[PDB]
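Engineer: This is the structure I want to talk about, given as structure tokens.
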Amino acid sequence: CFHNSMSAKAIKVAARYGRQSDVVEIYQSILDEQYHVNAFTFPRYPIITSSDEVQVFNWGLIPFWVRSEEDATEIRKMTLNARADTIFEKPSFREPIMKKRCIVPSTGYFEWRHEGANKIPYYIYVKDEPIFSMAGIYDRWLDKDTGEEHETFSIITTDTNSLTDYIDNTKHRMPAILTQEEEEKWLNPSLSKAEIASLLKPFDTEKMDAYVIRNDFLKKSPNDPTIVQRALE
């Protein structure tokens with residue numbers, strides 16, 4: 001949800017979706033092997049769109065209608081995720097889900113289970129799917145006062161399943177994961193409201209897995225492979 005993982009090379013992400021790597025290759029130094037992608041830094045990230053070229057957008061959706069950059073700063077913090085159940089209604093997301101859907105690639109993500117004052121970190125991934133796809137939306141915003149054009153995205157969330165419900169026992173949210181067979185369909189401009197909604201559901205718990213990692217992962221450089229090392233036993 002707010003802590004993602006992208007342990008693969010950028011060009012490998014392009015290959016995984018059968019798309020061109022020209023753009024992602026340019027920014028490989030900042031995109032390659034990011035074992036921990038912190039949403040709160042509003043980072044650049046590989047994004048799959050209907051385009052033949054993998055795109056690079058910033059995490060934290062800034063709606064096209066925002067009038068001031070000062071406001072864009074605050075709104076950005078509230079749009080790192082987008083709830084599936086009201087996505088067709090909210091002003092920040094109602095136009096992008098119909099016109100600007102995208103895939104947010106991932107190699108897994110982090111969540112903490114609470115119990116007492118203890119925060120236990122988990123690494124959650126999809127079985128036998130090195131790189132899986134999370135449903136997302138993006139938007140473009142022109143800063144009136146800066147002239148700067150921004151392209152940003154949000155990850156869509158859904159209700160939990162057996163596994164994610166035990167791990168995320170305080171918010172009960174999990175990203176909307178798309179199966180491989182729904183990837184290109186999700187990106188079809190012809191999808192109707194019902195069809196889009198139908199693709200946003202909790203993933204099959206049996207296809208996922210997770211394990212407890214180390215609390216100190218948060219203190220490591222984003223490209224440190226040991227970020228996913230299991231708890232020191």
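Identifiers in the structure tokens: chain A, B, ... in order shown; residue index from 1 per chain; ligand index from 1 in order shown.
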Neighbours of region 16-19 of chain A within 9 Å (only C-alpha atoms; same-chain residues fewer than 6 positions away dropped), as a ChimeraX atom specification?
Structural biologist: /A:48,51-54,131,183
Engineer: Quick one: everything within 10 Å of residue 30 (chain A), counting only C-alpha atoms, minus sequence neighbours fewer than 6 positions away in the same chain. Send it as a list in words.
Structural biologist: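 The neighbour list is residues 10, 24, 43, 44, 45, 222 and 223 of chain A.
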Engineer: For the contact check between region 22-82 of chain A and region 96-117 of chain A, emit one row per residue of region 22-82 of chain A within 9 Å, containing the shortest atom pair and the distance in Å rounded to one decimal, counting only C-alpha atoms, chain then rising number order, as CSV.
Structural biologist:
residue,atom,partner,partner_atom,distance
A:35,CA,A:107,CA,8.5
A:36,CA,A:109,CA,8.2
A:37,CA,A:109,CA,8.9
A:45,CA,A:104,CA,8.3
A:46,CA,A:105,CA,7.2
A:47,CA,A:104,CA,5.4
A:48,CA,A:103,CA,4.9
A:49,CA,A:102,CA,4.8
A:50,CA,A:102,CA,7.5
A:63,CA,A:96,CA,8.7
Engineer: To one decimal place, how far is CA of residue 149 (chain A) from CA of residue 189 (chain A) in Å?
Structural biologist: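 These atoms are spaced 23.5 Å apart.
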Engineer: Pick out the residues sitting within 9 Å of residue 9 (chain A), and hand them over as JSON, numbers by chain; count only C-alpha atoms, and ignore anything fewer than 4 positions along from it in its own chain.
Structural biologist: {"A": [13, 28, 31, 32, 33, 34]}
Engineer: Quick one: write out the picked residues with N, CA, C and O atoms as a PDB file, in the first residue's frame?
Structural biologist:
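Produced file again22.pdb, reproduced below:
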ATOM      1  N   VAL A  13      11.533  -4.886 -16.410  1.00  0.00           N
ATOM      2  CA  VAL A  13      10.132  -4.541 -16.218  1.00  0.00           C
ATOM      3  C   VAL A  13       9.494  -4.341 -17.591  1.00  0.00           C
ATOM      4  O   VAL A  13       8.390  -4.819 -17.837  1.00  0.00           O
ATOM      5  N   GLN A  28      17.147   4.380 -15.330  1.00  0.00           N
ATOM      6  CA  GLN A  28      17.493   3.125 -14.656  1.00  0.00           C
ATOM      7  C   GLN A  28      18.252   3.295 -13.341  1.00  0.00           C
ATOM      8  O   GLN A  28      18.077   2.511 -12.410  1.00  0.00           O
ATOM      9  N   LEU A  31      15.566   3.875 -10.862  1.00  0.00           N
ATOM     10  CA  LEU A  31      14.494   2.875 -10.876  1.00  0.00           C
ATOM     11  C   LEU A  31      14.939   1.422 -10.603  1.00  0.00           C
ATOM     12  O   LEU A  31      14.210   0.651  -9.970  1.00  0.00           O
ATOM     13  N   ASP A  32      16.127   1.056 -11.080  1.00  0.00           N
ATOM     14  CA  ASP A  32      16.658  -0.304 -10.906  1.00  0.00           C
ATOM     15  C   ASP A  32      16.762  -0.804  -9.468  1.00  0.00           C
ATOM     16  O   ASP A  32      17.234  -0.101  -8.580  1.00  0.00           O
ATOM     17  N   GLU A  33      16.339  -2.044  -9.265  1.00  0.00           N
ATOM     18  CA  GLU A  33      16.424  -2.705  -7.972  1.00  0.00           C
ATOM     19  C   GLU A  33      16.137  -1.876  -6.719  1.00  0.00           C
ATOM     20  O   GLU A  33      16.989  -1.741  -5.836  1.00  0.00           O
ATOM     21  N   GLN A  34      14.928  -1.327  -6.648  1.00  0.00           N
ATOM     22  CA  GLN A  34      14.506  -0.551  -5.491  1.00  0.00           C
ATOM     23  C   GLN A  34      13.721  -1.511  -4.601  1.00  0.00           C
ATOM     24  O   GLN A  34      12.504  -1.649  -4.742  1.00  0.00           O
TER      25      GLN A  34
END
Engineer: Which of these, A:29, A:92, A:164, A:81, has the shortest distance to residue 64 (chain A) once you count only C-alpha atoms?
Structural biologist: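 Under the stated criterion, the closest residue is A:92.
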Engineer: If you run DSSP on the backbone, which residues of region 4-231 of chain A are strand (DSSP E or B), as an MDAnalysis selection string?
Structural biologist: chainID A and resid 4:6 20 34:38 44:48 53 55:59 81:83 101:106 108:115 118:126 132:142 149:159 173:175 177:178 208:213 230
Engineer: Please write the residues from the selection above to a file, keeping C-alpha atoms, as a PDB file, in the first residue's frame.
Structural biologist:
ATOM      1  CA  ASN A   4       6.342  -1.097  -2.361  1.00  0.00           C
ATOM      2  CA  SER A   5       9.198  -3.187  -3.737  1.00  0.00           C
ATOM      3  CA  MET A   6      10.697  -3.236  -7.240  1.00  0.00           C
ATOM      4  CA  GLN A  20       9.780  -0.627 -25.106  1.00  0.00           C
ATOM      5  CA  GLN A  34      14.506  -0.551  -5.491  1.00  0.00           C
ATOM      6  CA  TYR A  35      13.779  -3.146  -2.800  1.00  0.00           C
ATOM      7  CA  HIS A  36      11.896  -0.533  -0.792  1.00  0.00           C
ATOM      8  CA  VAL A  37       9.910   2.206  -2.559  1.00  0.00           C
ATOM      9  CA  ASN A  38       8.594   4.658   0.033  1.00  0.00           C
ATOM     10  CA  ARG A  44       9.477   8.217  -9.737  1.00  0.00           C
ATOM     11  CA  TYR A  45       8.340   4.743 -10.701  1.00  0.00           C
ATOM     12  CA  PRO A  46       7.906   2.540 -13.804  1.00  0.00           C
ATOM     13  CA  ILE A  47       4.269   2.625 -14.960  1.00  0.00           C
ATOM     14  CA  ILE A  48       2.568   0.572 -17.671  1.00  0.00           C
ATOM     15  CA  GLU A  53       6.798   2.557 -24.020  1.00  0.00           C
ATOM     16  CA  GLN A  55       6.375   5.274 -18.601  1.00  0.00           C
ATOM     17  CA  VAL A  56       7.928   6.937 -15.538  1.00  0.00           C
ATOM     18  CA  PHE A  57       5.511   8.803 -13.249  1.00  0.00           C
ATOM     19  CA  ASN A  58       5.635  10.096  -9.673  1.00  0.00           C
ATOM     20  CA  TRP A  59       3.689   8.292  -6.952  1.00  0.00           C
ATOM     21  CA  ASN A  81      -3.824   5.029  -2.699  1.00  0.00           C
ATOM     22  CA  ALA A  82      -7.366   5.058  -4.107  1.00  0.00           C
ATOM     23  CA  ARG A  83     -10.216   3.010  -2.608  1.00  0.00           C
ATOM     24  CA  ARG A 101      -5.867   3.483 -16.052  1.00  0.00           C
ATOM     25  CA  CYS A 102      -2.402   2.010 -15.669  1.00  0.00           C
ATOM     26  CA  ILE A 103      -0.506  -0.913 -14.181  1.00  0.00           C
ATOM     27  CA  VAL A 104       1.835  -0.400 -11.264  1.00  0.00           C
ATOM     28  CA  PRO A 105       4.364  -3.259 -11.491  1.00  0.00           C
ATOM     29  CA  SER A 106       5.603  -4.788  -8.244  1.00  0.00           C
ATOM     30  CA  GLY A 108       6.054  -7.421  -3.489  1.00  0.00           C
ATOM     31  CA  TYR A 109       5.059  -4.990  -0.765  1.00  0.00           C
ATOM     32  CA  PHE A 110       5.327  -4.319   2.960  1.00  0.00           C
ATOM     33  CA  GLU A 111       2.705  -4.191   5.734  1.00  0.00           C
ATOM     34  CA  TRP A 112       2.887  -4.255   9.537  1.00  0.00           C
ATOM     35  CA  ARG A 113       0.667  -6.360  11.771  1.00  0.00           C
ATOM     36  CA  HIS A 114      -0.157  -4.752  15.133  1.00  0.00           C
ATOM     37  CA  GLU A 115      -0.407  -6.581  18.463  1.00  0.00           C
ATOM     38  CA  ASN A 118       4.454  -4.369  18.684  1.00  0.00           C
ATOM     39  CA  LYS A 119       4.663  -3.650  14.967  1.00  0.00           C
ATOM     40  CA  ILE A 120       5.617  -6.797  13.032  1.00  0.00           C
ATOM     41  CA  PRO A 121       6.796  -6.201   9.426  1.00  0.00           C
ATOM     42  CA  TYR A 122       5.777  -8.556   6.653  1.00  0.00           C
ATOM     43  CA  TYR A 123       6.923  -8.909   3.056  1.00  0.00           C
ATOM     44  CA  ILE A 124       3.970  -9.918   0.886  1.00  0.00           C
ATOM     45  CA  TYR A 125       4.273 -11.336  -2.630  1.00  0.00           C
ATOM     46  CA  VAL A 126       2.572 -13.430  -5.310  1.00  0.00           C
ATOM     47  CA  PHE A 132       2.999  -8.870 -10.591  1.00  0.00           C
ATOM     48  CA  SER A 133       0.615  -6.091 -11.552  1.00  0.00           C
ATOM     49  CA  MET A 134      -1.276  -3.700  -9.277  1.00  0.00           C
ATOM     50  CA  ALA A 135      -4.180  -1.738 -10.732  1.00  0.00           C
ATOM     51  CA  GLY A 136      -3.559   1.987 -10.852  1.00  0.00           C
ATOM     52  CA  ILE A 137      -4.685   5.297 -12.313  1.00  0.00           C
ATOM     53  CA  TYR A 138      -2.694   8.354 -13.326  1.00  0.00           C
ATOM     54  CA  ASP A 139      -3.324  11.986 -14.197  1.00  0.00           C
ATOM     55  CA  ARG A 140      -1.538  14.987 -15.665  1.00  0.00           C
ATOM     56  CA  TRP A 141      -1.419  18.369 -13.939  1.00  0.00           C
ATOM     57  CA  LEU A 142      -0.125  21.709 -15.178  1.00  0.00           C
ATOM     58  CA  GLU A 149       3.744  19.570 -16.280  1.00  0.00           C
ATOM     59  CA  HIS A 150       3.407  16.714 -13.782  1.00  0.00           C
ATOM     60  CA  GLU A 151       2.362  13.109 -14.412  1.00  0.00           C
ATOM     61  CA  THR A 152       1.414  11.141 -11.308  1.00  0.00           C
ATOM     62  CA  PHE A 153      -0.270   7.923 -10.248  1.00  0.00           C
ATOM     63  CA  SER A 154      -2.167   6.213  -7.495  1.00  0.00           C
ATOM     64  CA  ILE A 155      -2.408   2.530  -6.538  1.00  0.00           C
ATOM     65  CA  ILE A 156      -5.966   1.242  -6.203  1.00  0.00           C
ATOM     66  CA  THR A 157      -6.864  -0.692  -3.058  1.00  0.00           C
ATOM     67  CA  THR A 158      -9.497  -3.254  -2.155  1.00  0.00           C
ATOM     68  CA  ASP A 159     -10.768  -5.304   0.772  1.00  0.00           C
ATOM     69  CA  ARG A 173      -6.671  -2.851   2.987  1.00  0.00           C
ATOM     70  CA  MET A 174      -4.570  -4.556   0.225  1.00  0.00           C
ATOM     71  CA  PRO A 175      -3.627  -3.366  -3.218  1.00  0.00           C
ATOM     72  CA  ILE A 177      -3.822  -7.013  -7.801  1.00  0.00           C
ATOM     73  CA  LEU A 178      -4.623  -7.983 -11.401  1.00  0.00           C
ATOM     74  CA  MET A 208      -0.106 -15.231  -2.303  1.00  0.00           C
ATOM     75  CA  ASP A 209       2.367 -15.628   0.544  1.00  0.00           C
ATOM     76  CA  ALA A 210       4.364 -13.603   3.041  1.00  0.00           C
ATOM     77  CA  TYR A 211       6.900 -13.814   5.849  1.00  0.00           C
ATOM     78  CA  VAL A 212       8.136 -11.683   8.720  1.00  0.00           C
ATOM     79  CA  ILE A 213      11.173  -9.546   7.914  1.00  0.00           C
ATOM     80  CA  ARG A 230      13.631 -12.786   6.875  1.00  0.00           C
TER      81      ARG A 230
END
Engineer: Pick out the residues sitting within 7 Å of residue 11 (chain A), and hand them over as a count of residues only; count only C-alpha atoms, and ignore anything fewer than 3 positions along from it in its own chain.
Structural biologist: 5
